[PDB]
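Engineer: Sequence plus experimental coordinates follow:
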Number of protein chains: 6
Amino acid sequence: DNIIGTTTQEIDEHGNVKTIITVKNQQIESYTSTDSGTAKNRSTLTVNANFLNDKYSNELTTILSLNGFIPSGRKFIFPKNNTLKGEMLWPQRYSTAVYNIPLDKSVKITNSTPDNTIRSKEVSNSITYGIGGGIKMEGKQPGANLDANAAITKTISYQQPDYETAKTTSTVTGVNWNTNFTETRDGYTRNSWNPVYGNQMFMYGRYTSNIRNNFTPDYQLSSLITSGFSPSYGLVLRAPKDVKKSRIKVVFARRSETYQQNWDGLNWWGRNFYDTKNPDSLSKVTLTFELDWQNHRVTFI
Amino acid sequence: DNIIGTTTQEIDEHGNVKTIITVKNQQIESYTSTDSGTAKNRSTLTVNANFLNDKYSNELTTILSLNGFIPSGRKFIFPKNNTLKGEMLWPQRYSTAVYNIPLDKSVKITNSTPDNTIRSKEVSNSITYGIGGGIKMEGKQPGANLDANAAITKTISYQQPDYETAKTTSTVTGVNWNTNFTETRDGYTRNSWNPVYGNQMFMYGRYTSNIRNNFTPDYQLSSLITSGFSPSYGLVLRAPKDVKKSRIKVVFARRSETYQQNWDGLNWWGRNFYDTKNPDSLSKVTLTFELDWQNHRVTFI
Amino acid sequence: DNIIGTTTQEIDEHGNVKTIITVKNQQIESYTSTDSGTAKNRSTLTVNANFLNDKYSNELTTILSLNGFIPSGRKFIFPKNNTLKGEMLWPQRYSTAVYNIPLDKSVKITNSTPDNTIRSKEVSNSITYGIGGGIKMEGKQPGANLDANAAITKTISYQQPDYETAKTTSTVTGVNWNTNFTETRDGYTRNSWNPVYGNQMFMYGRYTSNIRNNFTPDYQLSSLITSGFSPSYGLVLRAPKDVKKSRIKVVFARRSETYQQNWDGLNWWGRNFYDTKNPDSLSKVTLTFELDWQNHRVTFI
Amino acid sequence: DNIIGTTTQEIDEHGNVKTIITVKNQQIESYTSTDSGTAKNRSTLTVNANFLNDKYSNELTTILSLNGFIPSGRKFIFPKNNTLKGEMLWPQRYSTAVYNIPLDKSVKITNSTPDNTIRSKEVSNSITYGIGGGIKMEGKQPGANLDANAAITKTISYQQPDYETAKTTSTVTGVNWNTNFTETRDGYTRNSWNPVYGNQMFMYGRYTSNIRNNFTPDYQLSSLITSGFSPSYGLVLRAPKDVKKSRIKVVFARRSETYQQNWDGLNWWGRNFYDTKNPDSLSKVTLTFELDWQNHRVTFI
Amino acid sequence: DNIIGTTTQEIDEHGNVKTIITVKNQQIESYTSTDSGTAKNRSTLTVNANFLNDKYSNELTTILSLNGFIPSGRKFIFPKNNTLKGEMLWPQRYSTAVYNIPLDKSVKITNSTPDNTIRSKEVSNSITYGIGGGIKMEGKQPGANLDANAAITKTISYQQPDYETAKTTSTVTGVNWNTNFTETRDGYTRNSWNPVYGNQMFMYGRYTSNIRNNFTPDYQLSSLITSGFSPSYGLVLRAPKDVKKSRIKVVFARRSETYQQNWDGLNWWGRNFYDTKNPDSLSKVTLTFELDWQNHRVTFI
Amino acid sequence: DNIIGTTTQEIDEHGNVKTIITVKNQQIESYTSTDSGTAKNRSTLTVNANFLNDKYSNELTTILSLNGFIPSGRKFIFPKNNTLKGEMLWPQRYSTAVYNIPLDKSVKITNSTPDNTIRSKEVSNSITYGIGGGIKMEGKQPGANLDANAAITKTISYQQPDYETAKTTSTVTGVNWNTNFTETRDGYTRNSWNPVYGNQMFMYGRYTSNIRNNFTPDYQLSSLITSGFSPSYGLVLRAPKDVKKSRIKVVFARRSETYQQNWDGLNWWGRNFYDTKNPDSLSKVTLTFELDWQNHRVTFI
């Protein structure tokens, strides 16, 4: 645990002093370091490194913990004179790429986190058979009836995150994760389309008078849309005991889409698209770190 | 734990120094190693080896943890001139075979994971009997009524993964696992067929204008289809105490199927098949590792 | 735990060295061994033996852990010209017999696992009484009605494994377990019969055009049917301290049945039977191990 | 735990050797033994004895664990010429009696397990009052309506084992447990009777063609009916500190009943009875063990 | 825990032997004893005594654990010639009284178990308001309707043991517990009465042909009715350090009632009463124990 | 724990004996005592005192555990000649007051238990909107229909004890708790009243023949009504380190009410009232204890 050893001093009746020092010897020694950096678009990344040295092994292991923040950069665009139009630029996808750049000796990535987990759902099937009959008397006139029925039901239940994360690339030299928007609380997607109202994705109402009040309230949206992303990854690098230095290059990409609302005369109708000819539809940034394996240090460049 | 022993130094009042070194003896000694590799199709495998030497065993035991990543190799094919057709190449099955190649002394596989677990479901049967009667008065005309009924219900509930993994072969010289696609979130399979719309497996809508917008959203698909597979296996190898080296041959196979959509004039209809005339319908790769039992090392070739 | 003792060396100020060795004395000493073997039909078995010696007891105890794999050997048989017929050979029952063969001194089986556990179900009974009445006015003509009813319900809920395991024999010289197929996910059995469709056990649809697409998808079947069995047992053998050797003979039996589909003109109908005149309907195998109680070893013959 | 003490050796710089032996003294000493036996009807019993000697007790205490296996002895009887009749002999009740036979000094049974636990059920009562009214217009003719109602419900829920175990006798010299059949999964009992079909206890169908296919599938029966019983009991014996030996007499009784099916011309009808003229309707067996309290040993005779 | 101390022997290089003995001093010393006894009606009781001595206290504390078994003594009485009558004698109430009889010095009961716990239930109240309306067209004739309703529901849920235990007396010299029958699984009581069928308490059917098959199956009854009671109590006695002996007198009372069935011509009707003029309607027994506080012993007289 | 220290003896090779005694010093010392008493109405109280002396406190702390038993004192009164009337005297309220009587130095009550906890309930509100329509054809005459609706629901769920306990007074010199009857299992209270049947609080039936069979079964009543109360309280007393003695006065009050049933000619009707002219309607008792803080003793007077 936290105790590295003990220091003792014995003092006899004549002022003589004896000193006893005890230290614990460990199989694996751990040295830690941490550095942070911020980019031009105010995206931040903190790197926590845990340099492990296995005295009974022929390799060095460094465990990295990547913790960051990327602002959504969501915007609202309203024509000054036209009140029949409205736009909202929102973060459709957050991407993160990590590159392993050896400088002197070979270094590899042996583990990435998180990985692509297989998900499940709950399924229930039901079947029902019915039998019924009866007799009646209306005044002095009898009646009868015989009935039967059958029904089949199937229910599927699952868990749905506001954003889905999966890795598309994972080699010994690089890893890439994609955090994508799924569907709204309402249940709408980017594929949603209605003949009358188009895409009702981020629409509050259909007959709302004011366009500037007809976007879904922030509390009904993910914090990733309204505020920002707080990603967390982990890596494991391995190398020979005689490695001196290596680097880590992280790339942040924020792909935003445009949600537009139009009044056709009777109601609002919306369309969701990727706005080419907009510099704000894509924001890419790089943050670079260097690892000193011998002196156990992490530094941001 | 990580504490192998203690070092103590006693310092006399005259500068005399005594040194006491204590080490603890273990019944089982554990040495670990790890190496990684990437293949031509950008699939990677990491091998974590745990060499155990049990003084109370007459054999050596090595616990391997196989962790890798296989990209889906998912593709979209749209004809340049034809806008009435579209294809999506997706990973139907992921396979992994591990081979045990003894070099000097004999080596066997005594345990593979995961195994074929027997699953269960929840069943409920119900039966109901009903009896009813009443009297009536319409103006001055009386009435009466007698009814009876019975119903039978049966409900079955279980858990359903997006992909199912099972081992088809498991000898002391080789093991093979198959991770197969099950059914869509919708509930569709590769057997699904409709006279009008064919197989609606990955169909968003039936009357969609753009073919490039008529495929199911990524958030409604498994990460194994959209992004990639993150398999995890484990093996236990045993050998004579004087074995020197042995090898491991791992084979990755990704079997892809083709989902095709066609416009027939009124709606979209789809069919799912295996394209025997496409080189991308099957991707096989090999990764070879060597184990040094004496020096407790793992190396990738 | 893992610490057997401690070794210490004290070095005074003149290079004198003292050595202190401490070992823990235990009431029960445990020695372990493991061997594996594979049979002609590629069924595998791993035996883990734990030889216990109670220094304060007059007996030796050996705890065995039997872990194996038996392939299903499932096949599909389609007549070349006839397209109105189809067969599927599937593993109805997996059996395992273990025999205790003493060579020198007496040895007995004191424990087998798993045993025959008594199961339970959840039961709910309900009863309802109803009373109703009302008045009406149609134009200027009054009306009245008095009604009453009663209902009784009973629901039974339980857990249903895809395969059921129970031991039919358990003496001090031998044990036998049977793992039997229960019912399909659908709820069908080997006893199921319909006048129109016969046994719909492994039938996908009733009006399917192609016979080779009309068998239930692998994901709707147990891994024991599609892939294989991964059985796990445990035994406890006891003997006098002066026993030298004994053997263990394991017998694996796989009993397969044939599910056949026929087209009658309007729909598919199936029948499930045991195909005598088929060499593949039964697969029996033997694996033999020897135990050296004195040298604590397990060996496959 | 398993550590009884430590042995230490100090080795001087001149080859002088000091030996220090430490043993820990216990308040309660535990010695264990186990013996097994099989009877003429292939039923087995294993006795696990735990001899406790508590220096702070004025008596000796022995904890016995009785674990055995009794085959169901289930049979099927079909007349050679008659195809309109069938029988199934099944185990209605399993009984176990344990007798305490003191030899030199007195011995008593101070605790038996399991005991007769008081069970519980879940009860819910509901009551509902309803009030309704409305107005109507059919063309130009008004209408009105007033209704009211009330309902009463009661639901009872509990857990139901396939077999129920209870002790009918428990003195300091003998104990007897009875494991009786309760009801079928269907919900039928030995009291069930229908005027048309009689007792449908183990009847698959009413109009089944083959008598040999008209019995309930094994997966719908308890392992106690299809395969066998795995009883588990425990006893606590106490004696004077100077007792030398004592005995244990265990009696296994398997009471079987006969389920008969008959074809009456239109359907199958069944009846369940006890065949007093069949030697296989009752199977009783005895197994005797001896306990050596001084040498802490269990032996089967 | 179980370790009372350690014994050590040091042997130098010349055969000299040093002995070191270490014992743990405790604040409270515990001595245990146990005796059992059986009565004339085969009711058994085991007394477990735990004599505690607090060296820093002025009192002695003895913790008793009372564990027993009382057979139900249930009987069936059928008239030899009359087949229109039947009786079942069953255990309505089990009672236990414990008396504290000081012989030399004062002794008191400071604790009895179990005590009278306050129970709870779950309550749910609901209220619903409804509003409805619609229009219609029958041919060319319009229609309209406006409806409204309201409902109130209340549900009460609780747990119901087959038998209820409560103490009616608890002084420093004696304690009495009563275990009473509550209601059947069906929901019937001893107060239940129907004008047609009387008390249907232990009635299987109303139109059953044979009286000897018209009692509820054992599995639908408590084990306390069919088999016996397995009571468990605990007491705490306290006295001055100079007490020598005291006694414990336990009284077992089993109060049985008679359930009678009669055929009136159309159906069965039953009545439940306490059969005076029946010696089997009440069974009272006494078991006496003596406690030696100084020598820590329990003995049955 | 219970270990206060260790005693060691070293025995030389010449019979020399060294003795080492080790005791552990504690921050908080705990001395316990217990005394019991019974009152004229056969209600008992046990006081468990835990005298804590914390060297790091400037005060002495005594934790008392008050555990007792109060009989219900439940009675049944039936007039000798009148068979049309009946009474049941039952315990409506249990009260306990504890008084702190300082003798030499000051003593206060700093904590009482249980306290008045704020309770909660579960609330669910629902709202539903419905829309419907359809077309019809009766022979050759068309029809149409349009409906709409809305509903509002509110459900409240909580837990309800048979008796409620709350403290009405809590100063540093005295405490008082009241355990009051709440409602019956039926749901009736002391406020319940029906114009026809009055208060049906403890009424089994309305037309019951025998008055002595028309009271609710014991299993449907609380143990506090049928048998007795088992109250449990706790107090914490604090005083100066040099306090010598102090006293405790406990008062038990059992307030009983009268439930009366009368036959009016057609049915039974009941009323619940407090009988001011019956000496058994109220029972008050006092029990006095003395605490010796210096010698850590509890004594009953």
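Structural biologist: Yep, that arrived. Numbers count the residues shown, from 1 in each chain, chains lettered A, B, ... in the order given.

Engineer: So residue A:261 is in contact with residue A:83, correct?
Structural biologist: No - checked against Cβ atoms under 8 Å, the pair residue A:261 and residue A:83 is beyond contact range at 11.0 Å. To be clear about C-beta, it is placed using only N, CA and C from the backbone, and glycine gets the same treatment.

Engineer: shared neighbours, those two?
Structural biologist: residue A:211 (Cβ atoms under 8 Å, 6 or more residues apart in numbering or on different chains).

Engineer: For those two, indicate the residue with more neighbours.
Structural biologist: residue A:261 (25 against 13; other Cβ atoms under 10 Å in any protein chain shown).

Engineer: Quick check: closest non-adjacent residue to the more buried one.
Structural biologist: In this structure, residue A:261 finds its nearest non-sequential neighbour in residue A:86, 4.4 Å apart by Cβ to Cβ, 6 or more residues apart in numbering or on different chains.

Engineer: name the element the one you found belongs to?
Structural biologist: strand A:85-102 (DSSP states H and E).

Engineer: Which elements pack onto that strand?
Structural biologist: strand A:59-71, strand A:75-77, strand A:108-113, strand A:174-181, helix A:223-226, strand A:232-240, strand A:245-263 (3 or more Cβ pairs under 8 Å, 6 or more residues apart in numbering or on different chains; DSSP states H and E).

Engineer: right, and the residue nearest to residue A:261 touches residue A:208 too?
Structural biologist: No - the pair residue A:86 and residue A:208 does not pass the contact test of Cβ under 8 Å, sitting 10.4 Å apart.

Engineer: Tell me which of these two has more neighbours.
Structural biologist: Shown here are residue A:86 and residue A:208; by other Cβ under 10 Å, residue A:86 has more neighbours (23 against 16).

Engineer: and the more buried one, how far is that from chain C?
Structural biologist: Distance, residue A:86 to chain C, using Cβ to the nearest Cβ, to the nearest Å: 46 Å.

Engineer: Next, the contact list for that residue, please.
Structural biologist: With Cβ under 8 Å, 6+ apart, residue A:86 has these contacts: A:76, A:77, A:78, A:211, A:212, A:214, A:215, A:260, A:261.

Engineer: closest to chain F among the residues you listed?
Structural biologist: Nearest to chain F, judged by Cβ to the nearest Cβ, of the contacts of residue A:86 is residue A:214 at 21.7 Å.

Engineer: number of nearby residues for whichever residue of the stretch 151-300 of chain A sits closest to chain E?
Structural biologist: The nearest approach of the stretch 151-300 of chain A to chain E comes at residue A:207, 22.9 Å away (Cβ to the nearest Cβ). Using other Cβ under 10 Å, residue A:207 is surrounded by 9 other residues.

Engineer: contacting residues around it?
Structural biologist: Neighbouring residues of residue A:207 by Cβ under 8 Å, 6+ apart: A:267, A:268.

Engineer: And what about it, helix, strand or coil?
Structural biologist: Following DSSP: H, G, I helix; E, B strand; the rest coil, residue A:207 is assigned to coil.

Engineer: how near is the closest residue to residue A:258 other than its chain neighbours to residue A:78?
Structural biologist: In this structure, residue A:258 finds its nearest non-sequential neighbour in residue A:275, 4.1 Å apart by Cβ to Cβ, 6+ apart. Distance, residue A:275 to residue A:78, by Cβ to Cβ, to the nearest Å: 15 Å.

Engineer: Also residue A:283?
Structural biologist: For residue A:283 relative to residue A:78 (Cβ to Cβ), the value is 22 Å.

Engineer: if you count what's nearby, which of those two comes out ahead?
Structural biologist: Set side by side, residue A:283 and residue A:78 show more neighbours around residue A:283, with 19 against 14, by other Cβ under 10 Å.

Engineer: so that one bridges to which residues?
Structural biologist: residue A:254 (DSSP bridges).

Engineer: repeat for residue A:17
Structural biologist: residue A:11.

Engineer: Go ahead and confirm it touches residue B:12.
Structural biologist: No - checked against Cβ under 8 Å, the pair residue A:17 and residue B:12 is beyond contact range at 9.3 Å.

Engineer: The residue nearest to residue A:258: neighbouring residues, count only.
Structural biologist: Other residues close to residue A:275 by other Cβ under 10 Å number 17.

Engineer: Please verify my assumption that it contacts residue A:259.
Structural biologist: No - in this structure, residue A:275 is not within contact of residue A:259 by Cβ under 8 Å, at 9.9 Å.

Engineer: Need the residues touching each of the two.
Structural biologist: Counting by Cβ under 8 Å, 6+ apart, the residues touching both residue A:275 and residue A:259 are residue A:89.

Engineer: Quick check on the contacts of residue A:86: which are buried?
Structural biologist: A:211, A:214, A:215, A:260, A:261 (16 or more other Cβ atoms under 10 Å in any protein chain shown).

Engineer: tell me which of the residues you listed is nearest to residue E:105?
Structural biologist: Residue E:105 lies nearest to residue A:215 out of those, by Cβ to Cβ, at 87.3 Å.

Engineer: can you pull the contacts of the closest one?
Structural biologist: Counted by Cβ under 8 Å, 6+ apart, residue A:215 has contacts A:76, A:86, A:88, A:202, A:203, A:204, A:261.

Engineer: State the distance from it to residue C:153.
Structural biologist: For residue A:215 relative to residue C:153 (Cβ to Cβ), the value is 50 Å.

Engineer: What of residue A:236?
Structural biologist: 58 Å.

Engineer: And for residue A:24?
Structural biologist: 68 Å.

Engineer: Those two: who's more crowded?
Structural biologist: residue C:153 (18 against 15).

Engineer: tell me which element that one falls in.
Structural biologist: Assigned by DSSP H and E, residue C:153 falls in strand C:141-161.

Engineer: May I see the buried residues of that strand?
Structural biologist: By neighbour count on 16+ other Cβ under 10 Å, the buried set for strand C:141-161 is C:143, C:145, C:147, C:149, C:151, C:153, C:155, C:156, C:157, C:158, C:160.

Engineer: Also near chain D: which of these, exactly?
Structural biologist: C:156, C:158 (Cβ under 8 Å from any Cβ of the partner chain).

Engineer: Name the nearest of the buried residues of strand C:141-161 relative to residue D:250.
Structural biologist: For these, the nearest to residue D:250 is residue C:158 (32.8 Å; Cβ to Cβ).

Engineer: quick one on the thing from earlier: could you dump the buried ones among the contacts of residue A:86 to CSV with distance to residue F:246?
Structural biologist: Converted to CSV, the buried ones among the contacts of residue A:86 look like this (distance: Cβ to Cβ, whole Å):
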residue, distance to residue F:246
A:211, 79
A:214, 75
A:215, 72
A:260, 82
A:261, 79
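
Engineer: How about residue A:198: which residues does it bridge to?
Structural biologist: residue A:194, residue A:270.

Engineer: burial measure for it, as a count.
Structural biologist: With other Cβ under 10 Å as criterion, residue A:198 counts 20.

Engineer: Quick one: residues contacting it.
Structural biologist: A:269, A:270, A:271 are the contacts of residue A:198 under Cβ under 8 Å, 6+ apart.

Engineer: Most neighbours among those, which one?
Structural biologist: That'd be residue A:270 among these, by other Cβ under 10 Å, with 25 neighbours.

Engineer: unless I'm mixing things up, that residue is touching residue A:260, no?
Structural biologist: Yes - between residue A:270 and residue A:260 there is a contact under Cβ under 8 Å: 6.3 Å.

Engineer: For the residue in chain A that chain D sits nearest to, which non-adjacent residue is spatially closest?
Structural biologist: Per Cβ to the nearest Cβ, residue A:129 is where chain A lies closest to chain D, at 16.3 Å. Distances taken as Cβ to Cβ, 6+ apart place residue B:152 nearest to residue A:129, at 4.5 Å, with adjacent residues excluded.
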